[PDB]
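Undergrad: Got a structure here, written out as structure tokens. Questions coming.
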Amino acid sequence: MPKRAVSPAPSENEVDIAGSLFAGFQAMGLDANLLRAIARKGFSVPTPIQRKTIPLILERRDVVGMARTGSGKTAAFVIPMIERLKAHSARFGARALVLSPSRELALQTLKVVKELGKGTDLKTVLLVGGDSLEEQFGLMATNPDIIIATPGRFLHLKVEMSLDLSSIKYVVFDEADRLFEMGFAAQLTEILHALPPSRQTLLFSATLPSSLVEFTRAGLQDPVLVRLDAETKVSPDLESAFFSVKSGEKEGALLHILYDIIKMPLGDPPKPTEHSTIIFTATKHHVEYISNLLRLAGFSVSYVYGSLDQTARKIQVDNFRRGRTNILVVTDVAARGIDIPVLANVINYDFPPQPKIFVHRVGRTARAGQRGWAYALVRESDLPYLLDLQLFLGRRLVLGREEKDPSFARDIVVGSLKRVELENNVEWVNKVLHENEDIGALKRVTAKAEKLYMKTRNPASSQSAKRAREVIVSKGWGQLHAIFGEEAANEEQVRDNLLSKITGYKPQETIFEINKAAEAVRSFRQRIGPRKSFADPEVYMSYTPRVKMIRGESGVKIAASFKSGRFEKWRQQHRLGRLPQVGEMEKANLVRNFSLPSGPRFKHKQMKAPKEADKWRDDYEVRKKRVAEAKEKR
Amino acid sequence: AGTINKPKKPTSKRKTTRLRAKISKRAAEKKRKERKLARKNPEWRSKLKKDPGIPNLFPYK
Amino acid sequence: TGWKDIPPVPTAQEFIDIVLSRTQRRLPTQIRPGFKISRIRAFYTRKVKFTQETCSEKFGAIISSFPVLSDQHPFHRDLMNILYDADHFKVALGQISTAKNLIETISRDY
Amino acid sequence: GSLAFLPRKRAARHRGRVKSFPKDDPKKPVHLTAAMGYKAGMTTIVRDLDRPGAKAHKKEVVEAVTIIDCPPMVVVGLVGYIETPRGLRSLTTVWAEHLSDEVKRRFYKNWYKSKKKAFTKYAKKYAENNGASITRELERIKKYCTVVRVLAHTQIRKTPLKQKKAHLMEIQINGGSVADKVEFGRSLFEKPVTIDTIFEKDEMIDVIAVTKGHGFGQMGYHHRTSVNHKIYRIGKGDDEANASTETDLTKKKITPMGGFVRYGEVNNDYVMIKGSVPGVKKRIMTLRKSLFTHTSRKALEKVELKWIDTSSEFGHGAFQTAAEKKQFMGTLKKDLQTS
Amino acid sequence: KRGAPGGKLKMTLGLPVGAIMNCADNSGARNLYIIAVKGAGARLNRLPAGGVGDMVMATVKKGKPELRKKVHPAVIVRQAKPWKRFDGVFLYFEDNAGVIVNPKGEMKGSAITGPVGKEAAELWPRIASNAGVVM
Amino acid sequence: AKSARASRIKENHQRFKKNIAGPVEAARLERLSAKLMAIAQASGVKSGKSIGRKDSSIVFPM
RNA sequence: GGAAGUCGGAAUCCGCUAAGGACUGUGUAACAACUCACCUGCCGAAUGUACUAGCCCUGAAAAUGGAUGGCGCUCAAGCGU
RNA sequence: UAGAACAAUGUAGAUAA
RNA sequence: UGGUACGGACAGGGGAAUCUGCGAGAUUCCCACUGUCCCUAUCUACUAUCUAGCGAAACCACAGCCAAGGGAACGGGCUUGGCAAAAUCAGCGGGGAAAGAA
RNA sequence: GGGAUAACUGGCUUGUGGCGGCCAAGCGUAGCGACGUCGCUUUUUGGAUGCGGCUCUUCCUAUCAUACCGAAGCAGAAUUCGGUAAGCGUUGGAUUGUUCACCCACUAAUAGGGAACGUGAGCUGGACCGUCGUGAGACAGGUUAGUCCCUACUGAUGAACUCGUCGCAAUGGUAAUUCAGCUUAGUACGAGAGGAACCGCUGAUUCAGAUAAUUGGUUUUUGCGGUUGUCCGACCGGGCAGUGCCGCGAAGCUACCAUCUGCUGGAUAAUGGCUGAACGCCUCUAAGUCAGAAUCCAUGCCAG
């Protein structure tokens with residue numbers, strides 16, 4: 001049943017830099033306590049995102065930050081938060097609020113904020129699913145200053161207390177790209193409607209989907225969207241090759257890359273490795289298929305796909321960063337989620353629809369002046385997207401071996417592969433598919449996924465399609481890759497002449513002509529036989545540019561505003577009094593009644609009395625005494 | 001077809017009064033329309049008609 | 001493995017008869033003038049749409065059953081080129097695709 | 001449910017009627033078709049299965065069987081039927097001498113206050129040289145009739161029941177000329193016929209009964225004719241080892257320890273039949289032959305028993321005989337106090 | 001080919017759709033979750049169920065994280081709901097347990113923890129090979 | 001599957017009835033008939049040989 | 001590549017004639033072979049192409065069981081005078 | 001208003017079990 | 001005043017069980033929330049066949065079995081057809097109620 | 001503001017477009033004109049939608065499956081189209097306000113409709129006046145329409161034939177369905193890959209009718225045993241807590257939670273034939289006749 005039960009978990013990662021249409025620490029001037037906390041943490045120099053963002057946040061401007069995971073966005077918005085709050089407030093009502101996608105991300109934010117505010121009297125609360133709604137009631141009674149929450153639970157508690165958020169002045173959206181991918185849009189909009197207009201809005205993300213751009217335009221007051229510069233210029237130290245590959249030879253071509261074009265050692269390796277190969281794919285089914293195929297071939301491979309378990313992703317990523325696995329296969333969304341260290345080797349299995357997505361996946365490497373390699377497998381159907389990539393990068397295309405020494409780093413050089421081994425590899429793939437049934441089932445699943453992904457993938461441009469047809473007609477599509485060698489160029493050419501002049505044959509008559517059908521074919525042939533600078537550069541205006549609905553926790557459809565009253569019943573349960581209205585001093589007796597446990601939070605909390613002792617049972621008196629102890633504890 | 005073993009619903013020949021009135025009215029209407037079209041008559045008419053003549057099988061032709 | 005599983009391709013008249021019989025026999029065919037104009041519209045648009053997806057399904061089966069010359073092994077590609085004139089093969093397949101598209105557009109407009 | 005059995009209605013009669021006897025041809029030998037019995041209960045057996053092609057071939061399978069006490073039936077009449085454009089018509093019937101008190105009670109409704117004057121003039125007809133009349137009726141059956149049936153009744157006095165009123169029915173004679181079957185019946189007058197003679201071991205037969213009422217519209221008391229039930233054993237009652245097999249040498253009767261629940265003890269000829277049977281315990285059963293020749297290997301199988309359960313049915317019981325119980329148990333306070 | 005066993009006799013089904021199960025092999029999963037039963041007959045609101053030796057489709061709920069949240073065919077080897085064998089013996093097991101098996105009938109693991117049902121051992125020859133206790 | 005009323009199934013059942021079950025039932029019938037036969041043998045007007053009369057309507061009463 | 005009347009394009013003649021097409025189909029890898037067109041011998045007397053006019057079948061049908069008023073009617077108890 | 005039959009039901013709404 | 005290294009503790013219970021001779025005793029299984037559904041449990045209200053006695057009301061032109069036809073989306077009484085046998089009891093899920101039209 | 005109109009479909013509907021030219025039988029003495037063909041739509045490289053949704057009865061066939069046929073490069077296997085056929089069965093996920101399409105899953109397959117202007121039975125989710133503005137309207141200003149019986153189904157009784165016993169059978173109802181495994185057989189067939197069917201045998205799904213040996217479950221048996229509050233002066237023995245609670249618990253009853261049983265003749269539709277005229281060839285049809293579908297009619301079965 002649950003094969004494609006809902007949808008391919010990694011859908012797409014759409015990015016819009018047209019969203020650009022929005023518009024030391026001591027030298028930055030932080031408080032002494034915050035400075036000592038940062039010194040304890042070890043943030044000697046702020047990361048580039050911090051350096052560009054924190055001054056703006058201190059200048060009280062709403063900002064959207066394009067930054068990779070692990071760039072330090074968490075501290076980037078927590079340090080200004082602590083600097084702004086700087087003390088616990090005796091007036092009831094919180095003013096710091098952050099919305100995070102998942103509980104793990106929320107806990108990471110909790111750890112960051114605690115370590116960055118050790119000593120300061122700020123009260124920070126976590127509000128995520130799986131915890132007791134009563135416990136969250138008690139924490140709101142403790143009256144925190146900072147709220148770190150997941151939006152669904154946030155609305156649940158919002159509806160349950162009818163809380164007043166007018167005191168909130170500081171609002172942060174962490175990983176809003178994940179928020180919108182998981183589908184938090186409507187409830188986020190209702191949160192925004194609840195929030196007072198007089199607030200400072202921070203939004204940290206790695207990508208800017210058009211939905212997120214519209215949300216920012218709707219909810220942000222003059223956003224000074226930010227970004228870096230490694231998110232534009234493909235590091236010139238990146239050297240790229242493109243391989244014309246066939247559908248049935250795709251896996252064989254991927255291993256020739258690994259074997260003869262990369263010299264990838266087999267077995268467990270004896271901080272990434274010297275090789276450091278990442279593989280970017282189209283869906284999780286390709287992820288599993290390629291991972292298992294590589295593992296059978298003998299390659300130390302870790303796989304990370306979209307809807308993978310948290311612990312599993314953690315283990316695989318930790319192995320890749322420690323160098324226990326040298327190949328890492330990711331789709332797009334898992335890649336964006338995981339913090340990828342410096343890489344030397346990038347392989348694009350399925351071509352990306354967006355040249356900007358290609359730019360991200362290749363800026364994954366060739367960093368800090370260290371040279372990087374990018375090999376991309378392209379098919380005839382993906383050739384228009386390759387040409388769109390050409391237009392985006394403004395580089396020249398070299399097809400096959402039109403130039404003797406093409407510069408693969410600055411030129412987009414496309415070629416085929418060593419026919420000899422390519423075939424010895426494709427035969428191996430066919431053999432393993434015929435032998436291992438699990439691999440065959442996986443291959444069929446990825447075939448269906450390929451069909452679905454081709455159906456749902458965004459289209460190319462008309463000019464790209466036309467010139468793709470022209471390239472396919474041209475000779476440059478079918479010869480070797482410049483890398484191989486001029487001697488190969490010699491030997492390939494020794495017979496390529498006759499081979500090509502055989503491939504380019506126009507039959508005089510079909511085997512059917514060799515009846516009414518024969519007459520129809522002859523008429524068909526007769527019908528469809530072949531058909532018989534000067535400008536001023538200074539001023540030449542050119543053409544190209546230079547009851548509302550929300551989903552509940554149970555998943556069953558639930559109305560937007562449904563006050564179950566169980567908060568009032570909570571009040572009745574624990575005989576409490578009226579909650580402190582916004583502004584009134586925190587009530588220490590209620591704080592002591594419901595403040596917090598003694599530290600570590602266990603989960604295993606059932607105290608059940610044992611069954612009544614039986615005389616015929618062996619441990620009669622012992623069971624009787626434990627039952628007596630249980631009734632004494634009550 | 002298995003009409004003999006499993007006959008279907010019969011078609012009633014019992015004419016309803018609603019149908020008899022409607023068919024009489026539409027017959028009269030068609031006759032009047034034919035008369036008006038014949039009055040229009042965008043066609044030529046001759047005096048002498050093509051007489052077929054005596055059949056070849058007449059014994060005394 | 002082979003190409004013996006490609007479904008038979010009907011002629012033009014057989015195709016028209018298949019599609020126009022399926023739409024005749026798989027949907028109700030009695031609506032009355034004394035019914036609501038909305039229900040008359042629904043009935044006729046159901047007929048038109050059903051004919052459209054029937055034609056589209058058959059054309060899609062034709063387009064996806066036949067092997068692609070590009071992704072074949074070079075021996076098979078050249079063999080089929082010699083035996084079948086891949087140029088005419090692609091031309092006929094393109095005619096099928098264009099007819100599918102135009103049928104879809106006709107259905108939408110009507 | 002099934003529109004075949006609906007409108008659902010109480011059975012018009014408690015006995016249950018055959019409604020169809022097997023088609024008769026002269027070539028077969030002369031035989032009776034049906035029989036009567038009283039349901040005693042059910043027990044458990046095991047069978048050395050010899051079904052080829054089955055998963056349980058050459059293995060031991062535990063099956064549930066039903067016991068019907070079948071005291072010998074007494075023949076008291078002979079009925080002659082004729083064929084007419086309106087159907088079968090009971091042309092005549094001939095009764096015997098010395099009708100039993102139980103069948104006379106069947107004829108009477110209030111037998112205790114009645115002067116029991118039934119069939120006295122018929123007995124005088126037989127005994128007073130109106131044997132001319134008896135033979136006249138017999139010859140009329142000889143030369144005018146096509147199908148002939150025999151009136152037979154059970155022995156309530158032998159069945160351990162509070163009733164005293166016997167059950168009379170017609171059992172058709174098949175396989176012979178009308179003359180041969182009329183002579184056969186006249187010979188069978190005033191003689192007991194046995195269930196081991198009407199049926200035998202290994203013979204799938206038909207059981208006709210009235211279902212158990214489920215009242216305190218109609219649920220139950222419904223006439224049913226259940227087909228294809230393999231008779232597994234015919235027990236002699238006086239054999240003293242009815243429940244014994246050749247694998248276990250235990251001298252025990254079919255009656256369980258303490259007797260059948262709500263029925264009693266089976267001391268007569270009995271039939272052990274595979275599966276379930278319509279009707280409650282002590283209800284009248286009708287046993288007839290299959291209307292058609294069988295089409296299954298299950299019909300030609302030979303049932304090899306291994307043992308028959310004689311444990312107590314009144315509760316979780318576990319001893320086949322009182323001897324087994326006393327050997328497992330030893331001696332008790334009551335036994336030593338009595339001794 | 002649908003994984004419906006042939007020659008299986010009648011026995012009581014006590015593991016309906018959506019049923020939590022222990023995992024008996026060394027494959028890396030601890031529990032399974034029956035979601036569908038092979039060879040079942042869709043009745044009005046009737047929940048499909050399977051007995052010992054019947055193939056089902058199960059999703060792992062706990063175990064090795066790499067295999068977690070994955071769906072595999074399985075065949076059940078132990079059933080706590082009592083059922084009768086043709087020798088007249090009503091029997092039941094301590095828990096509900098099965099083994100992950102490919103559609104042909106081969107096990108992913110190499111050993112089975114605990115006893116294996118006689119019906120499963122007879123129906124699937126591979127389980128008879130990977131079984132140490134048969135009852 | 002073929003129905004219980006299929007012609008070919010009926011022909012197969014007829015062959016089975018004629019070839020095996022027939023002989024088996026004939027043999028058992030002979031045995032039981034022999035047993036029951038053994039258990040059994042365990043002027044015209046004043047004699048009864050001349051069958052005479054004992055002791056709504058179809059025709060219209062005249 | 002092979003194409004002999006018959007995978008294809010164009011012309012499509014003459015002789016012998018009773019008559020026979022540079023061939024109407026089957027068939028061969030090509031032949032071959034059969035067959036049609038046309039002609040002769042036997043048979044022996046009316047045929048055979050296209051239209052018209054009556055009656056009849058078809059020319060479209062759903063959903064409770066029923067209607068020339070019903071039974072029923074066939075050299076009629078139907079149709080025409 | 002009192003006897004007999006079987007007499008512990010069902011539906012609906014609330015209720016932290 | 002706050003950090004730095006060293007030493008110790010933390011990152012635990014409850015219930016059910018299995019195996020060896022109470023035993024450092026060894027081994028196996030279950031503890032989450034949800035504005036979600038259902039079920040079980042408590043409370044509340046209405047819930048009732050016959051018999052002795054007493055004993056209304058609404059409603060009521062007369063009636064009350066079906067199918068086709070009865071031009072006026074009209075049938076209950078008419079045509080022609082199916083048919084059709086007293087008097088009751090219980091169950092009741094069908095009919096005997098509906099438009100007015102821009 | 002006045003006037004007409006005031007509902008409306010009712011042998012209605014269904015599969016094959018319109019325009020123009022050519023051609024064209026008739027008719028007609030230029031005009032009308034079917035089928036085809038040519039030109040446009042239309043080609044030389046593979047989201048729409050803006051009242052819906054459940055349980056049960058019955059009917060249609062415009063048939064998805066099961067049954068039987070005819071045709072197809074139909075080798076086998078899997079199929080495609082078409083014909084007879086309504087006996088028997090006939091879904092679920094994803095998304096959307098909803099629906100379909102597409103896609104995803106089992107399954108033999110998971111067809112489409114009717115219950116007649118109220119679309120089977122049950123259930124669920126406004127217009128008139130008045131005041132004040134006229135380049136648009138406002139008024140907590142007033143007024144007003146909103147209609148327990150009869151019969152049907154079906155058991156269970158019942159007077160008249162003297163009661164009773166054993167029977168016949170007019171008429172009415174009707175029941176079985178699908179899949180799998182072994183053998184055939186790794187055989188026919190096939191270069192290979194692969195890969196059947198008939199006979200025979202054993203099971204399983206659903207439906208239907210019974211049944212309680214066995215195995216589970218239910219206790220007003222208040223049967224036995226244990227236990228809380230209170231009371232009989234204490235023990236025994238007990239009462240009250242609208243059956244105090246708990247363990248076991250027969251009998252009854254139950255449960256595809258248990259077990260058993262479900263049957264055979266004739267006439268046919270498509271279609272395949274034999275003999276043989278029409279019509280000196282020929283022809284399954286004209287006279288005569290053979291076979292053949294889960295079809296039809298009956299037996300088996302229930303009622304009488």
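Convention: chains lettered A, B, ... in structure tokens order; per-chain residue numbering from 1; ligands numbered from 1 as shown.
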Hey, which bits of chain G sit within 9 Å of chain B, and for each residue what's the closest pair of atoms and how far apart in Å (one decimal), counting only C-alpha atoms (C1' of nucleotides), rows by chain and increasing number, as a Markdown table?

TA:
| residue | atom | partner | partner_atom | distance |
| --- | --- | --- | --- | --- |
| G:66 | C1' | B:10 | CA | 8.6 |
| G:67 | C1' | B:12 | CA | 6.7 |
| G:68 | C1' | B:13 | CA | 6.3 |

Undergrad: For stretch 202-218 of chain J, please output as number ranges by chain all residues within 6 Å (counting only C-alpha atoms (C1' of nucleotides); exclusion window: fewer than 4 positions along the same chain).

TA: D: 42-44, 53-54, 64, 276, 278; E: 7, 41

Undergrad: I want to know what sits within 8 Å of residue A:5, based on only C-alpha atoms (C1' of nucleotides), with residues of the same chain fewer than 5 positions away left out; could you give that as a list in words?

TA: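 Surrounding residues, per the criterion: residues 93, 94 and 104 of chain J.
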
Undergrad: Each residue of chain E lying at most 10 Å from chain A should get a row with its shortest atom-to-atom pair and the distance in Å to one decimal, counting only C-alpha atoms; could you produce that, ordered by chain and increasing number, as JSON lines?

TA:
{"residue": "E:35", "atom": "CA", "partner": "A:1", "partner_atom": "CA", "distance": 7.8}
{"residue": "E:36", "atom": "CA", "partner": "A:1", "partner_atom": "CA", "distance": 7.4}
{"residue": "E:57", "atom": "CA", "partner": "A:1", "partner_atom": "CA", "distance": 7.8}
{"residue": "E:58", "atom": "CA", "partner": "A:1", "partner_atom": "CA", "distance": 9.4}
{"residue": "E:59", "atom": "CA", "partner": "A:2", "partner_atom": "CA", "distance": 8.7}
{"residue": "E:64", "atom": "CA", "partner": "A:312", "partner_atom": "CA", "distance": 8.4}
{"residue": "E:65", "atom": "CA", "partner": "A:312", "partner_atom": "CA", "distance": 5.0}
{"residue": "E:66", "atom": "CA", "partner": "A:312", "partner_atom": "CA", "distance": 5.6}
{"residue": "E:67", "atom": "CA", "partner": "A:312", "partner_atom": "CA", "distance": 8.9}
{"residue": "E:68", "atom": "CA", "partner": "A:309", "partner_atom": "CA", "distance": 7.2}
{"residue": "E:69", "atom": "CA", "partner": "A:309", "partner_atom": "CA", "distance": 7.6}
{"residue": "E:70", "atom": "CA", "partner": "A:2", "partner_atom": "CA", "distance": 8.9}
{"residue": "E:71", "atom": "CA", "partner": "A:2", "partner_atom": "CA", "distance": 7.1}
{"residue": "E:72", "atom": "CA", "partner": "A:2", "partner_atom": "CA", "distance": 9.8}
{"residue": "E:102", "atom": "CA", "partner": "A:438", "partner_atom": "CA", "distance": 8.1}
{"residue": "E:103", "atom": "CA", "partner": "A:437", "partner_atom": "CA", "distance": 9.4}
{"residue": "E:104", "atom": "CA", "partner": "A:437", "partner_atom": "CA", "distance": 9.3}

Undergrad: Within 9 Å of residue F:2, counting only C-alpha atoms (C1' of nucleotides), which residues show up once you throw out same-chain ones fewer than 6 positions away? Write them as a list in words, please.

TA: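 With the cut-off at 9 Å, the set is residues 8 and 9 of chain F; 66, 67 and 294 of chain J.
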
Undergrad: Selection from above, C-alpha atoms (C1' of nucleotides), as a PDB file, in the first residue's frame, can you write it?

TA:
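Contents of part.pdb, freshly written:
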ATOM      1  CA  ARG F   8     -19.260 -29.761 -19.300  1.00  0.00           C
ATOM      2  CA  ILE F   9     -19.361 -30.147 -15.513  1.00  0.00           C
TER       3      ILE F   9
ATOM      4  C1'   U J  66     -16.937 -14.711 -14.240  1.00  0.00           C
ATOM      5  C1'   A J  67     -19.395 -18.354 -19.004  1.00  0.00           C
ATOM      6  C1'   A J 294     -22.779 -18.970 -15.872  1.00  0.00           C
TER       7        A J 294
END

Undergrad: Just need the residues of chain A within 8 Å of chain J, counting only C-alpha atoms (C1' of nucleotides), so spit them out as a VMD selection string.

TA: chain A and resid 1 3 to 7 528 to 531

Undergrad: Could you check which of G:81, G:12, G:74, G:17 is closest to residue G:39, using only C-alpha atoms (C1' of nucleotides)?

TA: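 Using only C-alpha atoms (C1' of nucleotides), the shortest distance to residue G:39 belongs to G:17.
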
Undergrad: Please report, as CSV, each residue of chain B lying at most 8 Å from chain I, together with the nearest pair of atoms and the separation in Å rounded to one decimal; use only C-alpha atoms (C1' of nucleotides), and order rows by chain and ascending residue number.

TA:
residue,atom,partner,partner_atom,distance
B:16,CA,I:69,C1',7.7
B:17,CA,I:71,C1',5.4
B:18,CA,I:71,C1',4.5
B:21,CA,I:71,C1',7.0

Undergrad: Taking 3 positions as the minimum chain separation for residues in the same chain, which residues sit within 9 Å of residue I:36 when counting only C-alpha atoms (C1' of nucleotides)? Answer as a PyMOL selection string.

TA: chain A and resi 552-558

Undergrad: With C-alpha atoms retained, write the just-selected residues as a short mmCIF file (atom, residue, chain, number, x, y, z; two decimals), in the first residue's frame.

TA:
data_model
loop_
_atom_site.label_atom_id
_atom_site.label_comp_id
_atom_site.auth_asym_id
_atom_site.auth_seq_id
_atom_site.Cartn_x
_atom_site.Cartn_y
_atom_site.Cartn_z
CA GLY A 552 -5.11 19.94 13.96
CA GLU A 553 -2.62 17.75 15.78
CA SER A 554 -4.70 14.60 15.27
CA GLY A 555 -4.74 15.33 11.52
CA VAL A 556 -8.53 15.18 11.40
CA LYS A 557 -10.06 18.34 9.94
CA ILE A 558 -10.74 20.90 12.67
#

Undergrad: As a list in words, please: every residue in stretch 367-416 of chain A that DSSP puts in helix (DSSP H, G or I).

TA: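 Taking stretch 367-416 of chain A and keeping helix (DSSP H, G or I) only, one gets residues 383, 384, 385, 386, 387, 388, 389, 390, 391, 392 and 393 of chain A.
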
Undergrad: For atom CA of residue D:193 and atom CA of residue D:74, quote the distance in Å rounded to one decimal.

TA: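 Separation of atom CA of residue D:193 and atom CA of residue D:74: 6.3 Å.
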
Undergrad: Take atom CA of residue D:190 and atom CA of residue D:123 and report the distance between them in Å, one decimal.

TA: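 Here the two named atoms are 13.2 Å from each other.
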
Undergrad: Can you write out as JSON lines which residues of chain A fall within 7 Å of chain C, alongside each residue's closest atom pair and its distance in Å to one decimal, counting only C-alpha atoms and ordering rows by chain and ascending residue number?

TA:
{"residue": "A:246", "atom": "CA", "partner": "C:71", "partner_atom": "CA", "distance": 5.1}
{"residue": "A:247", "atom": "CA", "partner": "C:71", "partner_atom": "CA", "distance": 5.3}
{"residue": "A:248", "atom": "CA", "partner": "C:71", "partner_atom": "CA", "distance": 6.3}
{"residue": "A:503", "atom": "CA", "partner": "C:78", "partner_atom": "CA", "distance": 6.1}
{"residue": "A:507", "atom": "CA", "partner": "C:82", "partner_atom": "CA", "distance": 6.1}
{"residue": "A:510", "atom": "CA", "partner": "C:84", "partner_atom": "CA", "distance": 5.8}
{"residue": "A:511", "atom": "CA", "partner": "C:83", "partner_atom": "CA", "distance": 5.9}

Undergrad: Limited to N, CA and C atoms, could you put the picked residues into a file as a short mmCIF file (atom, residue, chain, number, x, y, z; two decimals), in the first residue's frame?

TA:
data_model
loop_
_atom_site.label_atom_id
_atom_site.label_comp_id
_atom_site.auth_asym_id
_atom_site.auth_seq_id
_atom_site.Cartn_x
_atom_site.Cartn_y
_atom_site.Cartn_z
N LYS A 246 22.79 7.84 -21.74
CA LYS A 246 21.54 7.21 -22.12
C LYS A 246 20.83 6.65 -20.90
N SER A 247 19.51 6.48 -21.03
CA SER A 247 18.69 6.04 -19.91
C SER A 247 19.11 4.65 -19.43
N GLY A 248 19.35 3.73 -20.36
CA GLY A 248 19.80 2.40 -19.98
C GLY A 248 21.25 2.31 -19.58
N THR A 503 25.59 5.29 -39.24
CA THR A 503 24.48 5.79 -38.42
C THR A 503 23.65 6.83 -39.17
N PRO A 507 17.23 5.28 -45.39
CA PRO A 507 16.77 4.13 -46.17
C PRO A 507 16.01 4.55 -47.42
N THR A 510 11.41 0.94 -46.97
CA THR A 510 11.25 0.20 -45.73
C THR A 510 11.03 -1.28 -46.03
N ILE A 511 11.25 -2.11 -45.00
CA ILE A 511 11.08 -3.55 -45.12
C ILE A 511 9.65 -3.93 -45.45
#

Undergrad: Interatomic distance between atom CA of residue A:620 and atom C1' of residue J:226?

TA: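 Between these atoms lies a distance of 14.7 Å.
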
Undergrad: Pick out the chain E residues within 12 Å of chain I. Count only C-alpha atoms (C1' of nucleotides). Give them as an MDAnalysis selection string.

TA: chainID E and resid 22 30:31 94:95 113:114

Undergrad: Using C-alpha atoms, can you write the selected residues to a file as a CSV table (one decimal), in the first residue's frame?

TA:
chain,number,residue,atom,x,y,z
E,22,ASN,CA,6.9,-8.6,17.3
E,30,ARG,CA,11.7,-5.0,16.4
E,31,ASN,CA,8.0,-4.5,15.5
E,94,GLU,CA,2.7,-16.2,23.7
E,95,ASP,CA,2.7,-13.2,21.3
E,113,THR,CA,14.2,-15.9,17.3
E,114,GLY,CA,11.8,-18.4,19.0

Undergrad: Excluding residue G:8 and any residue of its chain fewer than 6 positions from it, enumerate the residues within 12 Å of it, using only C-alpha atoms (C1' of nucleotides), and give them as a ChimeraX atom specification.

TA: /A:509,513-515,518-519,522

Undergrad: If you count only C-alpha atoms (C1' of nucleotides), which residues fall within 7 Å of residue J:168, apart from same-chain ones fewer than 2 positions away, as a PyMOL selection string?

TA: chain D and resi 87-89

Undergrad: Could you write out that same residue set with C-alpha atoms as a compact mmCIF listing (two decimals), in the first residue's frame?

TA:
# COMPACT_ATOMS: atom_id res chain seq x y z
CA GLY D 87 -50.37 -36.33 -9.98
CA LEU D 88 -49.87 -39.30 -7.70
CA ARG D 89 -52.99 -40.61 -5.98

Undergrad: Please find the residues of chain E near chain D - the criterion being any atom within 7 Å, counting only C-alpha atoms - and write them as a VMD selection string.

TA: chain E and resid 86 to 88

Undergrad: Out of stretch 168-214 of chain D, which residues get strand (DSSP E or B) from DSSP, as a ChimeraX atom specification?

TA: /D:168-174,192-193,203-210
